[PDB]
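Coordinates as given in start34.cif (mmCIF, N, CA and C atoms):
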```cif
data_coords
loop_
_atom_site.label_atom_id
_atom_site.label_comp_id
_atom_site.auth_asym_id
_atom_site.auth_seq_id
_atom_site.Cartn_x
_atom_site.Cartn_y
_atom_site.Cartn_z
N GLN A 1 111.12 -37.03 -117.54
CA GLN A 1 112.17 -36.41 -116.76
C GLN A 1 113.49 -36.49 -117.52
N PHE A 2 114.29 -35.44 -117.40
CA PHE A 2 115.69 -35.54 -117.78
C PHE A 2 116.45 -36.36 -116.75
N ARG A 3 117.29 -37.27 -117.23
CA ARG A 3 118.09 -38.13 -116.39
C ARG A 3 119.55 -37.67 -116.46
N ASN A 4 120.47 -38.55 -116.09
CA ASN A 4 121.84 -38.17 -115.80
C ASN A 4 122.70 -38.04 -117.05
N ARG A 5 123.92 -37.55 -116.83
CA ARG A 5 124.86 -37.19 -117.89
C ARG A 5 125.30 -38.40 -118.69
N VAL A 6 125.08 -38.34 -120.01
CA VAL A 6 125.29 -39.46 -120.91
C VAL A 6 126.37 -39.15 -121.94
N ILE A 7 126.37 -37.94 -122.49
CA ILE A 7 127.35 -37.50 -123.47
C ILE A 7 128.27 -36.48 -122.81
N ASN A 8 129.57 -36.58 -123.10
CA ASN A 8 130.54 -35.56 -122.73
C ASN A 8 130.44 -34.40 -123.72
N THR A 9 129.67 -33.38 -123.36
CA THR A 9 129.45 -32.22 -124.22
C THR A 9 130.52 -31.14 -124.07
N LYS A 10 131.61 -31.41 -123.35
CA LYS A 10 132.74 -30.49 -123.29
C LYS A 10 134.03 -31.13 -123.80
N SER A 11 133.92 -32.11 -124.69
CA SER A 11 135.09 -32.68 -125.35
C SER A 11 135.48 -31.76 -126.51
N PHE A 12 136.51 -30.94 -126.30
CA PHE A 12 136.87 -29.92 -127.28
C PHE A 12 137.71 -30.45 -128.43
N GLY A 13 138.25 -31.66 -128.31
CA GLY A 13 138.97 -32.27 -129.42
C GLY A 13 140.21 -31.52 -129.86
N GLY A 14 140.78 -30.69 -129.00
CA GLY A 14 141.91 -29.86 -129.37
C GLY A 14 141.60 -28.68 -130.27
N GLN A 15 140.34 -28.42 -130.60
CA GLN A 15 139.99 -27.27 -131.42
C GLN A 15 139.70 -26.05 -130.56
N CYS A 16 139.97 -24.87 -131.12
CA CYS A 16 139.56 -23.60 -130.52
C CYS A 16 138.32 -23.07 -131.24
N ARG A 17 137.23 -23.83 -131.10
CA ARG A 17 135.96 -23.56 -131.79
C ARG A 17 135.14 -22.50 -131.05
N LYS A 18 135.65 -21.27 -131.05
CA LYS A 18 134.89 -20.15 -130.50
C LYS A 18 133.60 -19.93 -131.28
N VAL A 19 132.53 -19.61 -130.55
CA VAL A 19 131.34 -18.98 -131.12
C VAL A 19 130.98 -17.76 -130.29
N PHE A 20 130.66 -16.66 -130.96
CA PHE A 20 130.09 -15.48 -130.33
C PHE A 20 128.57 -15.58 -130.24
N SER A 21 128.05 -15.65 -129.02
CA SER A 21 126.62 -15.55 -128.77
C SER A 21 126.22 -14.08 -128.82
N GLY A 22 125.41 -13.71 -129.80
CA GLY A 22 124.84 -12.37 -129.81
C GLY A 22 123.85 -12.14 -128.68
N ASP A 23 123.17 -13.20 -128.24
CA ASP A 23 122.25 -13.09 -127.11
C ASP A 23 122.98 -12.75 -125.82
N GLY A 24 123.85 -13.65 -125.36
CA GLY A 24 124.69 -13.37 -124.20
C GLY A 24 125.81 -12.40 -124.47
N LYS A 25 126.10 -12.11 -125.73
CA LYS A 25 127.14 -11.16 -126.11
C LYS A 25 128.52 -11.56 -125.57
N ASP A 26 128.83 -12.85 -125.67
CA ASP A 26 130.03 -13.40 -125.06
C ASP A 26 130.56 -14.50 -125.97
N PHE A 27 131.88 -14.70 -125.94
CA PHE A 27 132.49 -15.83 -126.62
C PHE A 27 132.40 -17.10 -125.79
N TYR A 28 131.94 -18.17 -126.42
CA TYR A 28 131.86 -19.50 -125.84
C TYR A 28 132.61 -20.48 -126.73
N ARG A 29 133.23 -21.48 -126.10
CA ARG A 29 133.91 -22.55 -126.82
C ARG A 29 133.00 -23.76 -126.93
N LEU A 30 132.64 -24.10 -128.17
CA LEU A 30 131.91 -25.32 -128.47
C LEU A 30 132.82 -26.54 -128.40
N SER A 31 132.21 -27.68 -128.06
CA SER A 31 132.89 -28.95 -128.21
C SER A 31 133.18 -29.23 -129.68
N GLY A 32 134.14 -30.12 -129.92
CA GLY A 32 134.46 -30.54 -131.27
C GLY A 32 133.35 -31.31 -131.96
N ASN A 33 132.52 -32.02 -131.20
CA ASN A 33 131.52 -32.90 -131.80
C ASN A 33 130.29 -32.13 -132.27
N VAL A 34 129.83 -31.15 -131.49
CA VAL A 34 128.47 -30.66 -131.65
C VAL A 34 128.27 -30.15 -133.07
N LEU A 35 127.19 -30.59 -133.71
CA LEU A 35 126.96 -30.25 -135.11
C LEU A 35 126.63 -28.78 -135.28
N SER A 36 125.74 -28.24 -134.45
CA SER A 36 125.65 -26.80 -134.31
C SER A 36 125.15 -26.45 -132.92
N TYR A 37 125.49 -25.23 -132.49
CA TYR A 37 124.91 -24.62 -131.30
C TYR A 37 124.72 -23.14 -131.59
N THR A 38 123.48 -22.65 -131.52
CA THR A 38 123.17 -21.31 -131.99
C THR A 38 122.22 -20.64 -131.02
N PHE A 39 122.18 -19.30 -131.08
CA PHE A 39 121.59 -18.51 -130.01
C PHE A 39 120.45 -17.61 -130.48
N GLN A 40 119.84 -17.86 -131.63
CA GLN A 40 118.71 -17.03 -132.03
C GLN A 40 117.50 -17.34 -131.15
N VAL A 41 116.92 -16.29 -130.57
CA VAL A 41 115.82 -16.42 -129.62
C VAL A 41 114.48 -16.50 -130.34
N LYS A 42 113.57 -17.29 -129.79
CA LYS A 42 112.15 -17.26 -130.15
C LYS A 42 111.33 -17.15 -128.87
N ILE A 43 110.35 -16.26 -128.89
CA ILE A 43 109.50 -15.95 -127.74
C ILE A 43 108.04 -16.03 -128.16
N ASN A 44 107.26 -16.83 -127.43
CA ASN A 44 106.03 -17.44 -127.93
C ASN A 44 105.01 -17.37 -126.79
N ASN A 45 104.17 -16.34 -126.83
CA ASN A 45 103.31 -15.91 -125.73
C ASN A 45 101.85 -16.12 -126.07
N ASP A 46 101.17 -17.00 -125.31
CA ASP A 46 99.71 -17.07 -125.27
C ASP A 46 99.14 -16.49 -123.98
N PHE A 47 98.45 -15.36 -124.08
CA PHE A 47 97.47 -14.91 -123.10
C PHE A 47 96.05 -15.33 -123.48
N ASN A 48 95.29 -15.80 -122.49
CA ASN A 48 93.88 -16.12 -122.72
C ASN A 48 93.12 -15.89 -121.41
N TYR A 49 92.49 -14.72 -121.32
CA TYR A 49 91.73 -14.27 -120.16
C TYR A 49 90.23 -14.33 -120.44
N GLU A 50 89.47 -14.85 -119.49
CA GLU A 50 88.03 -15.02 -119.64
C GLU A 50 87.36 -14.73 -118.32
N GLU B 1 47.89 -0.93 -107.47
CA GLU B 1 47.13 -0.43 -106.34
C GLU B 1 45.64 -0.57 -106.63
N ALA B 2 44.86 -0.83 -105.58
CA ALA B 2 43.41 -0.75 -105.64
C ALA B 2 42.86 -0.21 -104.33
N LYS B 3 41.88 0.69 -104.42
CA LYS B 3 40.93 0.95 -103.34
C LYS B 3 39.54 0.56 -103.79
N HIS B 4 38.82 -0.19 -102.95
CA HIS B 4 37.46 -0.64 -103.23
C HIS B 4 36.57 -0.37 -102.02
N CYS B 5 36.03 0.84 -101.91
CA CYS B 5 35.24 1.22 -100.74
C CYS B 5 33.76 1.31 -101.07
N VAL B 6 32.96 0.62 -100.26
CA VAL B 6 31.51 0.55 -100.36
C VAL B 6 30.90 1.01 -99.05
N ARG B 7 29.73 1.64 -99.13
CA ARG B 7 29.05 2.19 -97.97
C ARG B 7 27.55 2.02 -98.14
N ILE B 8 26.88 1.58 -97.08
CA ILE B 8 25.43 1.43 -97.08
C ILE B 8 24.87 2.03 -95.80
N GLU B 9 23.74 2.74 -95.93
CA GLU B 9 22.97 3.22 -94.80
C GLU B 9 21.52 2.76 -94.95
N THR B 10 20.88 2.50 -93.82
CA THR B 10 19.48 2.11 -93.81
C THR B 10 18.82 2.63 -92.55
N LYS B 11 17.54 2.98 -92.66
CA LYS B 11 16.69 3.16 -91.49
C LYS B 11 15.28 2.72 -91.83
N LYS B 12 14.58 2.22 -90.81
CA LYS B 12 13.16 1.94 -90.89
C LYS B 12 12.46 2.47 -89.65
N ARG B 13 11.20 2.87 -89.82
CA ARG B 13 10.45 3.53 -88.76
C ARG B 13 9.00 3.08 -88.82
N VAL B 14 8.37 3.01 -87.65
CA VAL B 14 6.94 2.78 -87.56
C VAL B 14 6.20 3.88 -88.33
N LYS B 15 11.89 1.80 -84.36
CA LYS B 15 12.81 2.42 -85.31
C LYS B 15 14.16 1.73 -85.27
N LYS B 16 14.66 1.34 -86.45
CA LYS B 16 15.94 0.66 -86.58
C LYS B 16 16.71 1.27 -87.73
N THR B 17 18.00 1.52 -87.51
CA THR B 17 18.86 2.09 -88.54
C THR B 17 20.25 1.47 -88.46
N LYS B 18 20.88 1.32 -89.62
CA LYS B 18 22.26 0.87 -89.73
C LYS B 18 23.01 1.78 -90.68
N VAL B 19 24.22 2.17 -90.29
CA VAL B 19 25.17 2.84 -91.16
C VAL B 19 26.49 2.09 -91.09
N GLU B 20 27.02 1.70 -92.25
CA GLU B 20 28.04 0.66 -92.30
C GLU B 20 29.01 0.93 -93.43
N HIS B 21 30.30 0.71 -93.15
CA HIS B 21 31.36 0.91 -94.12
C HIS B 21 32.32 -0.27 -94.06
N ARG B 22 32.64 -0.84 -95.21
CA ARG B 22 33.68 -1.86 -95.32
C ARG B 22 34.51 -1.57 -96.56
N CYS B 23 35.82 -1.39 -96.41
CA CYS B 23 36.65 -1.30 -97.60
C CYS B 23 38.08 -1.76 -97.36
N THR B 24 38.65 -2.33 -98.42
CA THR B 24 39.92 -3.03 -98.40
C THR B 24 40.83 -2.48 -99.50
N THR B 25 42.12 -2.42 -99.21
CA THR B 25 43.11 -1.82 -100.09
C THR B 25 44.24 -2.81 -100.31
N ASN B 26 44.73 -2.87 -101.55
CA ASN B 26 45.92 -3.63 -101.89
C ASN B 26 46.97 -2.72 -102.51
N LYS B 27 48.22 -2.94 -102.14
CA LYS B 27 49.37 -2.35 -102.82
C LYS B 27 50.36 -3.45 -103.17
N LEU B 28 51.00 -3.31 -104.32
CA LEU B 28 52.13 -4.15 -104.70
C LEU B 28 53.19 -3.28 -105.34
N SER B 29 54.46 -3.59 -105.08
CA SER B 29 55.55 -3.12 -105.93
C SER B 29 56.59 -4.21 -106.11
N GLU B 30 56.82 -4.62 -107.35
CA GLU B 30 58.00 -5.38 -107.73
C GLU B 30 59.08 -4.43 -108.24
N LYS B 31 60.32 -4.69 -107.85
CA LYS B 31 61.47 -3.98 -108.39
C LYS B 31 62.48 -4.99 -108.92
N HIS B 32 62.98 -4.75 -110.13
CA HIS B 32 63.88 -5.66 -110.82
C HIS B 32 65.15 -4.91 -111.17
N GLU B 33 66.29 -5.54 -110.91
CA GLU B 33 67.57 -5.00 -111.37
C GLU B 33 68.47 -6.17 -111.72
N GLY B 34 69.13 -6.09 -112.86
CA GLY B 34 70.01 -7.15 -113.30
C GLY B 34 71.16 -6.64 -114.15
N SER B 35 72.33 -7.25 -114.01
CA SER B 35 73.50 -6.89 -114.79
C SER B 35 74.29 -8.15 -115.10
N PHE B 36 74.81 -8.22 -116.32
CA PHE B 36 75.68 -9.33 -116.71
C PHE B 36 76.73 -8.78 -117.67
N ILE B 37 77.98 -8.73 -117.24
CA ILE B 37 79.10 -8.34 -118.09
C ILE B 37 80.00 -9.54 -118.31
N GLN B 38 80.23 -9.86 -119.58
CA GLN B 38 81.08 -10.97 -119.99
C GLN B 38 82.18 -10.45 -120.90
N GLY B 39 83.36 -11.05 -120.82
CA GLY B 39 84.41 -10.70 -121.76
C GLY B 39 85.50 -11.74 -121.85
N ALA B 40 86.25 -11.67 -122.95
CA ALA B 40 87.37 -12.56 -123.21
C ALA B 40 88.48 -11.78 -123.91
N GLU B 41 89.73 -12.08 -123.54
CA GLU B 41 90.91 -11.64 -124.28
C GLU B 41 91.75 -12.83 -124.71
N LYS B 42 92.23 -12.79 -125.94
CA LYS B 42 93.35 -13.61 -126.37
C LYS B 42 94.47 -12.69 -126.82
N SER B 43 95.71 -13.12 -126.58
CA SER B 43 96.88 -12.49 -127.17
C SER B 43 97.92 -13.55 -127.50
N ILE B 44 98.11 -13.85 -128.78
CA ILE B 44 99.17 -14.75 -129.22
C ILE B 44 100.21 -13.90 -129.92
N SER B 45 101.44 -13.91 -129.40
CA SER B 45 102.55 -13.18 -129.99
C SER B 45 103.74 -14.10 -130.25
N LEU B 46 104.39 -13.91 -131.39
CA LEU B 46 105.60 -14.64 -131.75
C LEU B 46 106.70 -13.64 -132.08
#
```
Would you mind writing the structure in this file as structure tokens?
Amino acid sequence: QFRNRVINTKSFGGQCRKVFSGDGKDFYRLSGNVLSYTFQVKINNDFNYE
Amino acid sequence: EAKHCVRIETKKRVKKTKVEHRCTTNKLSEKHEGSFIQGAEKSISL
């Protein structure tokens, strides 16, 4: 199970670290700490009918 | 199928006579029908 909030992932550190998500097509502000946050999609489909 | 019919007649006189028939018939029919369709699909996409 995922448990409760441990890291402050919205600590911006005074930076204006915009990222454009091509997926959501919107500008988002990353926290100062996060090493990367990226939006490339992967879609991984198993059908198995018998 | 089978038919198996036999017949005998007899008479004797100086008077006694017999005329007699016995026959039995058999029929059989077996009918068979069967079907079995099996299949599988996989689709893995990335």
Any chance you could resolve the PyMOL selection byres (((chain A and resi 29 and name CA) around 9) and name CA) against this file and give the residues as a PyMOL selection string? chain A and resi 10+12+15-20+27-28+30-31
Any chance you could list, as an MDAnalysis selection string, the residues in chain A that come up strand (DSSP E or B) when DSSP is run on the backbone? chainID A and resid 18:21 26:29 45:49
Give me, as a PyMOL selection string, all polymer residues having an atom no more than 6 Å from residue 5 in chain B, counting all atoms listed in the file and skipping those fewer than 3 positions away in the same chain. chain B and resi 22-24
Written as a compact mmCIF listing (two decimals) with N, CA and C atoms, in the frame of the given file, what is the full residue list that the PyMOL selection byres ((chain A and name CA) within 8 of (chain B and name CA)) yields on the file shown?
```
# COMPACT_ATOMS: atom_id res chain seq x y z
N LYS A 42 113.57 -17.29 -129.79
CA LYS A 42 112.15 -17.26 -130.15
C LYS A 42 111.33 -17.15 -128.87
N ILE A 43 110.35 -16.26 -128.89
CA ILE A 43 109.50 -15.95 -127.74
C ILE A 43 108.04 -16.03 -128.16
N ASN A 44 107.26 -16.83 -127.43
CA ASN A 44 106.03 -17.44 -127.93
C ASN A 44 105.01 -17.37 -126.79
N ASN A 45 104.17 -16.34 -126.83
CA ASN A 45 103.31 -15.91 -125.73
C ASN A 45 101.85 -16.12 -126.07
N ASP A 46 101.17 -17.00 -125.31
CA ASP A 46 99.71 -17.07 -125.27
C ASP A 46 99.14 -16.49 -123.98
N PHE A 47 98.45 -15.36 -124.08
CA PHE A 47 97.47 -14.91 -123.10
C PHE A 47 96.05 -15.33 -123.48
N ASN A 48 95.29 -15.80 -122.49
CA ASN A 48 93.88 -16.12 -122.72
C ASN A 48 93.12 -15.89 -121.41
N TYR A 49 92.49 -14.72 -121.32
CA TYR A 49 91.73 -14.27 -120.16
C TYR A 49 90.23 -14.33 -120.44
N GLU A 50 89.47 -14.85 -119.49
CA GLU A 50 88.03 -15.02 -119.64
C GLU A 50 87.36 -14.73 -118.32
```
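The residues returned by the PyMOL selection byres ((chain B and resi 25-35) around 7) for this structure are residues 1, 2, 3, 4, 23, 24, 36 and 37 of chain B.
In this model, the gap between CA of residue 32 in chain A and CA of residue 11 in chain A comes to 6.3 Å.
Taking atom N of residue 41 in chain A and atom N of residue 14 in chain A as endpoints, the distance between them is 27.9 Å.
Relative to CA of residue 8 in chain A, atom C of residue 37 in chain A is found at 16.3 Å.
When the distance limit is 6.5 Å and all atoms listed in the file are what count, the residues near residue 9 in chain B, minus those fewer than 3 positions from it on the same chain, are residues 18, 19 and 20 of chain B.
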